[PDB]
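One chain is shown next in structure tokens, namely the form deposited in one PDB entry.
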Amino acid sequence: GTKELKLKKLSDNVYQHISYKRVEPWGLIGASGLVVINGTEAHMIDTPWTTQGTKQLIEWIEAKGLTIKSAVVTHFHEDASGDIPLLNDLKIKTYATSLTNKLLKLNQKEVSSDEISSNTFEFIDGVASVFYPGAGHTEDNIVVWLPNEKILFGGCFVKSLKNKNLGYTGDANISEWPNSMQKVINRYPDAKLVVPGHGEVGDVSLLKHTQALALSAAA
């Protein structure tokens, strides 16, 4: 890959995009989203962390001859929603919940072109569903389920196993996070792969691990 963007194949139709940003004292650290390929159409789950990441990702997808039909952003932070303005200009439909758009507007950022106004939403017909579990990392965080591959994109709602803490909790609801996570655990007993917003992909233990971190941060 490059200094800004790496692509990892997760299945025949599913890629992990890993975009890099210098965050001292760590150096270049990564944020994860997905590209979901549905015939000649591609869909973005989260934008890369930097505009240069997003431009390189749009180039990689288009170089396969695919049309980027749409993007869904999984929360209002820059590592999920950062390049809404670039996608809106390129006329790539952006989907965000009413809560995500409220927090983008509160923070003087451009809202999505298209608003999710239900707790569950068919993002790609038969391929990608959005679920709002309640507050955790942020008030607005959503997860995306890929039923064909048994892949759950948890985003920054889910921590990697190695994480000893919840990360940036400035926008978090630590008391609600465990109950929100129980709804995700209860909903996807069939999840084969869980993709956190940062860190290594894993199994459902990442859900239980995040719930435990939240229960401990509360106590």
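Residues that one form lacks are left out of the comparison. Don't overthink the numbering: it's just position in the shown sequence, from 1. For the two forms, the rigid core is made up of the largest set of C-alpha atoms that agree within 1.5 Å on superposition.
The following text describes the form deposited in another entry, which does not appear among the structures shown.
* Given a rigid core superposition of the two forms, which one of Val23, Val201, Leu10, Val204 has its CA shift by 2 angstroms or more between this form and the one not shown? -> None of the others reach 2 Å, which leaves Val23.
* Change in CA distance between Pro25 and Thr210 in the other entry, which is 3 Å or more, as closer or farther -> They are closer; the C-alpha distance drops by 3 Å or more in the other entry.
* To do: Can you tell whether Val23 sits closer to or farther from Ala172 in the other entry than it does here, judged by CA atoms, where the change is 3 Å or more?
  => Pair moves closer in the other entry.
* Would you please work out which stretches of at least three consecutive shared residues show Cα displacements of 2 Å or more throughout between this form and the one not shown, after fitting on the rigid core? => Run found: 20 to 29, no others.
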